[PDB]
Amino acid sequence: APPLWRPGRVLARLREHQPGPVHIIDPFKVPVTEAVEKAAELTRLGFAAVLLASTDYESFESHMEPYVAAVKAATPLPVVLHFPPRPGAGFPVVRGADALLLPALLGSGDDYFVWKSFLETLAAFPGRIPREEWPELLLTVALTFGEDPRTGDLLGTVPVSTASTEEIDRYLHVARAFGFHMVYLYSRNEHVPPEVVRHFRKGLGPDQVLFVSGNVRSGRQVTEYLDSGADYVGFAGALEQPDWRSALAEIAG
């Protein structure tokens, strides 16, 4: 029996590594040869992990098993997957990934995305992957900020109110009582407010990891979120262009 939903190597690394930026490679958009090039640079920069994530995906297993293997051959850093679940299957998984981030979308109006996806995933476990070879699971409270009809239509999310702390405080109480490992604050079309990142940092337990992402395109923004209490600041889109090496150097500067 490997850790599974219990803390393991990846969560320990995220809890103990220096806070900093984390690049997120969308494997369904970025060709694998480019992911491999990027992976070598991420290794040199000392990021905590390499996240592979996308809102959309198809033929997950055939694409991702070798995509994860190619990335892992290019970096010693843990490779962590982050994708939404789908009713009838649960969260997608491939052997070789070091961990899966499992988002409980507490702001969703659909109880499957709030948490029943977790039940479907674990029911199906271990499935086709040998027990001992399964990735670790990082149980995460996932929250969305700002108008976002795309995530709303797919996962039932409603933007978290920042008009007061009423809603956010309910999510903090759940995050603590339920022993979630991480909280992920994301904005597809806007920016998670730094003041909200601070409120979460103040309200979470010392060992709960705080990730913030969405429209981060500069090193200044990374610093501001880290100064606000984020443990990690994710960014994908800034590097989905030809001049990614320059952008990556600036963001990591």
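From 1 onward, residues are counted along the sequence shown.
- request: Quick one: say whether 63-71 or 203-211 has the higher mean Cα B-factor in the deposited entry.
  value: Mean CA B-factor is higher for 203-211.
message: So, looking at the entry's B-factor column for Cα atoms, which has the higher mean, 129-137 or 172-180?
response: Averaging CA B-factors over each stretch, the winner is 129-137.
task: From the list 120, 98, 111, 166, select the residue with the highest C-alpha B factor recorded in the entry.
output: So the option with the highest C-alpha B-factor is 166.
- prompt: Out of 40, 50, 192, 30, which shows the largest CA B-factor listed in the entry?
  reply: Top of the list by C-alpha B-factor: 40.
- request: Looking at the entry's B-factor column for C-alpha atoms only, identify whether residue 162 ranks in the lowest, middle or highest third of its chain.
  value: Ranked within chain, residue 162 CA B lands in the highest tercile.
query: Within this chain, which third does the Cα B-factor at residue 9 fall in: lowest, middle or highest?
result: Ranked within chain, residue 9 CA B lands in the highest tercile.
query: What third of its chain's C-alpha B-factors does residue 245 belong to: lowest, middle or highest?
result: Within its chain, residue 245 is a highest-third residue by C-alpha B-factor, going by the deposited values.
- prompt: Relative to the other modelled residues in the chain, which third contains the C-alpha temperature factor of residue 152: lowest, middle or highest?
  reply: Within its chain, residue 152 is a middle-third residue by C-alpha B-factor, going by the deposited values.
query: residue 54's Cα B-factor: lowest, middle or highest third of the chain?
result: CA B-factor rank for residue 54: lowest third.
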